[PDB]
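Residue-level listing of the chains:
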Amino acid sequence: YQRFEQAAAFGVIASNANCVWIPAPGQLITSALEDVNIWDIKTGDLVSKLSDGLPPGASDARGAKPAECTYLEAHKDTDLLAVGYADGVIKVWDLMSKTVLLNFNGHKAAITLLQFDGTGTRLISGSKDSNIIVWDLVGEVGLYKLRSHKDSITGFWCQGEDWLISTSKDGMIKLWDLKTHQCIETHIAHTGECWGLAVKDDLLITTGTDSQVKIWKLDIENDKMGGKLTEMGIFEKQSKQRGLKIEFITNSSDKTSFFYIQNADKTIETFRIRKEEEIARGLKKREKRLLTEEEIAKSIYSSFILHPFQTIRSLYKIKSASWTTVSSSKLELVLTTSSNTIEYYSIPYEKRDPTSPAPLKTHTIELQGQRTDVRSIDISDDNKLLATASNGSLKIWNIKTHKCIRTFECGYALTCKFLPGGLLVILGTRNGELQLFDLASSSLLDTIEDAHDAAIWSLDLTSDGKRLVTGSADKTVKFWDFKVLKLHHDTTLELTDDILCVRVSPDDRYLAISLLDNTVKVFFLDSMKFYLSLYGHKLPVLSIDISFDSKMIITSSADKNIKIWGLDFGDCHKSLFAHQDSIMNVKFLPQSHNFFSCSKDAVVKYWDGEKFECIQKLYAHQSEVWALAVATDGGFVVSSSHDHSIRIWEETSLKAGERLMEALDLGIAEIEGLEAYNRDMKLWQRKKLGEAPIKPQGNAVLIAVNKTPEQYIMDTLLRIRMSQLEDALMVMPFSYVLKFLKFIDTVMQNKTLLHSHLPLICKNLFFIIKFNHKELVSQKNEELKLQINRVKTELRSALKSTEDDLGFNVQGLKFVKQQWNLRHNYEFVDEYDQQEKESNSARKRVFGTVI
Amino acid sequence: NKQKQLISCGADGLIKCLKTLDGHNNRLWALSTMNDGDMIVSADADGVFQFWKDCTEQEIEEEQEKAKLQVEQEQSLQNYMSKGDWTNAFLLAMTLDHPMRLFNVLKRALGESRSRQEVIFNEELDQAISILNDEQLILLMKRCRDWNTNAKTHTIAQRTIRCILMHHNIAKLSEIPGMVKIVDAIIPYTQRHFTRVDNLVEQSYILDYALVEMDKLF
Amino acid sequence: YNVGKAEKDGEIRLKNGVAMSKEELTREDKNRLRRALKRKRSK
RNA sequence: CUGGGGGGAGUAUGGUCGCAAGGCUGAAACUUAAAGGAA
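Procedures and definitions
- Residues numbered from 1 in each chain as written, not as in the entry; some residues may be left out.
- Chains lettered and ligands numbered in written order.
- Part of a larger assembly, values for the part shown.
- Heavy atoms only, no water.
- Residues with missing side-chain atoms left out of burial classes, pairs and counts.
- UniProt positions renumbered as here; feature names shortened; annotations may be inferred.
- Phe/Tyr/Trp six-rings, centres within 6.5 Å; stacked < 30°, edge-to-face > 60°.
- Buried < 20%, exposed > 50% of the residue type's maximum accessible area, 1.4 Å probe, protein only.
- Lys NZ or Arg CZ within 6 Å of the ring centre and 35° of its normal.
- Helix = DSSP H or I, 4+ residues; strand = E, 2+ residues; numbered from the N terminus.
- Polar contact = N/O pair within 3.5 Å; in protein donor to acceptor, adjacent residues only side chain to side chain.
- Contact = heavy atoms within 4.5 Å.
- Pairing = 2+ DSSP bridges.
- Axes fitted to C-alpha atoms, helices over the stretch in contact; angles between N-to-C directions.
- Near = heavy atom within 4 Å.
- Nonpolar A, V, L, I, M, F, W, Y, C, P; charged D, E, K, R; others polar.
- Salt bridge = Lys/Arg side-chain N within 4 Å of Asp/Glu carboxyl O.
- Buried area = accessible area lost by both parts, 1.4 Å probe.

Per the PDB record, this model was obtained through cryo-EM at a reported resolution of 4.6 Å.

Quoted verbatim from the Function heading of the UniProt record, the comment on chain A is "Involved in nucleolar processing of pre-18S ribosomal RNA."

Enquirer: So what exactly am I meant to see when it comes to the packing of aromatic side chains here?
Expert: Geometrically, a pair of aromatic rings is defined through the distance of the ring centres and the angle of the planes. Under the counting rule described, the total for this entry stands at 24 aromatic pairs over all chains. An angle of 75° between the planes, with centres 4.9 Å apart, marks the rings of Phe-4 of chain A and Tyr-606 of chain A as edge-to-face. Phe-4 of chain A sits in the buried class, given a relative accessible area of 5%. By relative accessible area, which is 2% here, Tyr-606 of chain A ends up buried. Chaining the aromatic ring pairs together yields one cluster made of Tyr-1, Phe-4, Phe-596 and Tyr-606 of chain A. The ring of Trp-626 of chain A is capped by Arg-375 of chain A, whose NZ or CZ atom sits 4.2 Å from the centre of that ring. Against the face of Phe-808 of chain A rests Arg-162 of chain B, its NZ or CZ located 4.5 Å from the ring centre.

Enquirer: Please clarify how the side chain of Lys-521 of chain A should be interpreted in this entry.
Expert: Residue and element names in this part refer to chain A. Mapped onto the secondary structure, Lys-521 falls in strand 45 (residues 519–524). In this structure the side chain of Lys-521 is engaged in a polar contact, spanning 2.4 Å, whose partner is the side chain of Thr-519. When neighbours within four sequence positions are excluded, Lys-521 is seen to be in contact with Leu-511, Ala-512, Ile-513, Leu-515, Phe-530, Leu-532 and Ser-533.

Enquirer: Looking at this model, I keep getting lost on unusual backbone geometry. Mind explaining?
Expert: Trans is the common state for peptide bonds, and a negative phi is the common state for residues other than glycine. One non-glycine residue, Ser-211 of chain A, lies in positive phi territory at about 65°. Inspection of the secondary structure puts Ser-211 of chain A in the loop between strand 19 (203–207) and strand 20 (213–218). For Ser-211 of chain A, a relative accessible area of 7% corresponds to the buried category. Located in the positive-phi region is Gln-117 of chain B, a residue other than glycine, with phi close to 50°. Looking at the element boundaries, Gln-117 of chain B is found in the loop between helix 4 (99–115) and helix 5 (123–128).

Enquirer: What is the right way to read the sheet that holds strand 17 (residues 182–188) of chain A from this model?
Expert: Remark on secondary structure: sheet strands pair via backbone hydrogen bonds, oriented parallel or antiparallel. Residue and element names in this part refer to chain A. Strand order across the open sheet formed by four strands is 14-15-16-17, with antiparallel pairing between neighbours. Here the strands that pair on one side only, and so sit at the sheet edges, are strand 14 (153–159) and strand 17. Recorded for the sheet is a direction-independent mean angle of 20° between the axes of neighbouring strands. Two strands pair when backbone bridges link them, and strand 16 (residues 172–177) and strand 17 are joined in this way by six bridges, in the antiparallel orientation. Paired with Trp-176 across the two strands is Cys-183, which belongs to strand 17.

Enquirer: For this particular structure, what's the right way to read the protein's contact with RNA strand D?
Expert: All names here are of chain A. Lining the immediate surroundings of RNA strand D are 15 residues, of which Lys-538, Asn-561, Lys-563, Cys-572 and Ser-575 lie closest. When atoms of RNA strand D within 4 Å of the protein are split into backbone and base, the sugar-phosphate part holds 60%. Contact distances for RNA strand D include 3.4 Å between a base nitrogen and a backbone N or O atom of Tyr-535. A distance of 3.4 Å separates a base nitrogen of RNA strand D from a polar backbone atom of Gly-536. Mapped by element, the contributors of at least two residues to the surface near RNA strand D are strand 49 (563–566) and strand 50 (571–574). When residues of the surface near RNA strand D are assigned to their parent elements, the largest contribution, four residues, is made by strand 50. Taken together, the residues of the surface near RNA strand D break down into four nonpolar, five polar and six charged.

Enquirer: It is not clear to me how the pattern of salt bridges should be interpreted in this structure. Could you clarify?
Expert: Note on pairing: side chains with opposite charge can pair once their charged atoms come close. This structure, assessed with the given rule, holds 30 salt bridges over all chains. In this structure, the salt-bridge partner of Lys-217 of chain A is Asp-202 of chain A, at a minimum N-O distance of 2.6 Å. Taken together, the residues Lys-217 of chain A in strand 20 and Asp-202 of chain A in the loop between strand 18 (198–200) and strand 19 connect sequence positions 15 residues apart. The shortest N-O distance in the salt bridge between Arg-790 of chain A and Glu-783 of chain A comes to 3.9 Å. Judged by relative accessible area, which is 33%, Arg-790 of chain A ranks as partly exposed. One salt-bridge network, in which partners are shared between bridges, spans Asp-97, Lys-142 and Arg-143 of chain B together with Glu-7, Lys-8 and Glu-11 of chain C.

Enquirer: Where do I start with the environment of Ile-554 of chain A in this structure?
Expert: In this fold, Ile-554 of chain A is placed in strand 48 (residues 552–557). Excluding its chain neighbours within four sequence positions, the residues that come into contact with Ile-554 of chain A are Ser-543, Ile-544, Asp-545, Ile-562, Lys-563, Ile-564, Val-586, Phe-588 and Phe-595 of chain A.

Enquirer: Mind showing me how you'd approach the interface of chain B and chain A here?
Expert: Size of an interface: often given as the accessible area lost when the parts come together. Facing the 50 residues of chain B at the interface are 53 residues of chain A. Carbon and sulfur atoms supply 68% of the area buried between chain B and chain A, which totals about 4900 Å² over both sides. On the chain B side of the contact with chain A, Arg-114, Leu-207 and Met-214 of chain B bury the most area, a combined 14% of that side's loss. Summed over the shared surface of chain B and chain A, the result is two salt bridges.

Okay, structure coming up:
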């Protein structure tokens, strides 16, 4: 088969991520969906779209959504870009050659921050799941995983090798000793979430849910447990929403610091922090009226040391920001907003006055976007493309360059079409209005106010183009002719129900209209004849398509399935269930019975109309695919979605016993090696110090598991099971029994792991010598005789030491119970009433017996 | 202030349902709530009055101050489990009531007590277990009771029972309400552990029999 | 006396004897103890 | 306020006249949604 693929994607400038700024104002790296694009603020031309080397839609593209980029981060000097994606992976690229250097999957959810540290070679990464991982770049390895937060890492701040400090989407800020990787000090920052973190070395600043911004003093050289990071006071903002990024600078040329808190909505609150001279010369002024009350006033600091500044607003909702500074009169701040647009503002400040009632944007890159989701896409014969938006941004892109060359202002517009000669656009809007535009001249040929009483929903030209059909939610369809280049309403068909799709056949034959009442009706255009009524879809029914032979129609709806109908008798053929949310649009190919359907769950799907298979399952969008349009000839198809994207699609095993034996042999070899080393040390310290042994290096596996040999043998002796322990001890020969006795003799000098394994040592040792008693008492060596005596003394001392406190506790606890009894048990002198009282007050337990 | 409301004379003022107030000893013809927003609520019985405080936001600050305290001194116990110094770790795990961490501080302090060298822990730890009150020692003996049911974890329980017995007053231990259903529960466990360790030390003398055979060898 | 279940709700008390507190268990042991309780319910 | 078939208790029915089964519903021209049932 001649399958499909993706040629190019565009329409996005700023997506659901952050932005990094690079100096030459300068350029900007930001996110498109799953690929990063670089822009020069000066002009705004797309100078780079760094993308994955595999086209989404190819043979090896995997069966899921692609990983949306979610955090840009840049190493300036050594020229790297660490970008991180929605599944958790981190790709590190060199910006010179634009290839992938490092892949750093690691995480389990989406990631939320990156940071290079010690400028090169180290990258720390925080994610939706509460881990935060340190990575080395000269080893390609996750070094450390700091794991104690609970919800989602909202920010952190590190210095090199000793201290990190993170704050997460619970209420908690944490300080991490990066030598031990244990959390040192934990506070509750804000009572809900904690969304911000910034610090200029003395003061730390955090923000939470609503306007309460908290100043902290971190004293890194502190020694107390609670008090490495203390809280110094709160203050307020003007926004009652989530401040979610704070960032600082030190402008030179005096020395000064500025920080911003961007908000959820539309607003960045900028702040100047002042200097120690005006701290000292402002302290007395609030210390006026002359001291317990004045000390309470001086303690209740934030408004003192912090100074608000020019509160920069924007048109849309703010997603990310970053700035640069010179002279303290060029706080030059780039800002990517949600409705895709970047904006380069710059506030001046004459070091006492900010010299403006409201700041000024110096650049704005917004030409290659829409600010809303494209509710309708269209195409020329083959050359141009039509994108229809809610703000009014009709845009005429071109296929061969992916640049909008022509754009207008219409309104909440949901459907549009071209006109068959090209260079002319019809369009209908949300309210009762229709509009006409062109390509060479300006916007409005004419608008028709009161084109319909209510929301228009779908229009269609005839194949010659002179006559178009508009169906609207005022329960009417209308017909319009082109009189000479103006619209002529002549007839109108009022239905009982809100018509929401129209279509004609591609040979002027049928008019199929989709009603809100779960059905479609097929009419004859030449008679308004009411040929057919196709029924049985069971929810209101979206896009129709008529085939090129005018024999076969498709019918999409919000029932998550498309139905194929034969138009000769109105008989159904398939009812194939696609698309688990809602099929928004469905379109045939030009010459074939193959078709495409794009849906509300971020997927387009390629089907055939003969076997009714799914030919292909294309997976490049991230959100609700609102429209798609096929070429008139040739058959390449464009699809446009809710993530502001427009994309083209073209054609192409030991056991117990022997484990204990090998553990015993290496353990006792290490043990008597160290004992020979100690005898060598005593002889070369008691004799002429001219020589000694060189070095016994400790065993590989013993230093690899970090265990003394007694502990190594002790845990493998633990790890054999009780059912095969009497076999594990019976398999081993008498030489291993003798070195087992050496092992027990050494282990009851370390009285820590003697007392934690007393019954195990007793059981194993007594079975060993009880089984090997005949040979043991025939061995003739005073070393083993002294060994047995030493083991006997230390073992029996440990056992009598534990049963001493056992017997003590028995007699003490029964004394306690008995003195409680003789204090207040009861008063019976008569033995029969006494025994009946004790029988009524006894402990009962009921048992299931068999008779 | 919009929608919840006060009613009177169950024997008490009640708000809308939640928060039965203190009330009185008998009946009631009284409500005056009408200062600034909804300030001081006078509610009067036959003779006795109450002047109910303010907007009820005082409790939430107190309510939000404990969780902060508990999450602060939960990240002191982890530092103590890291670096040792088991005494404040012990009393603070007793305050938090973290039972397996309590078993860990007692077990590792007991192991190092076996290591180095009247006193059975370090002396600052057993005076710290000497100076704890009735609720703490009764929950300490609840979980010494349930640790004593093992044959492995029983030694830590026996030595904690031993230091309680030799650092507290025995009449006080009897008069604490609840500590006669605990000691009845873990006397017979100590009895079976005594019989088991006595059987183990009586079958320990095959080493001595092997020594006398090895001496009769020559 | 035999070790039943805990008389609190932030506590997990196995019949071994080892009482664990839910505030002191990490999330790995929380998932592991939940699956183990699911096994002991399912049998 | 005159008009009457033929005992009681049962049994069978290859006759005639009826009433009645199926089998998840939605759901067929469509192997089709939501939701419900059952286990």
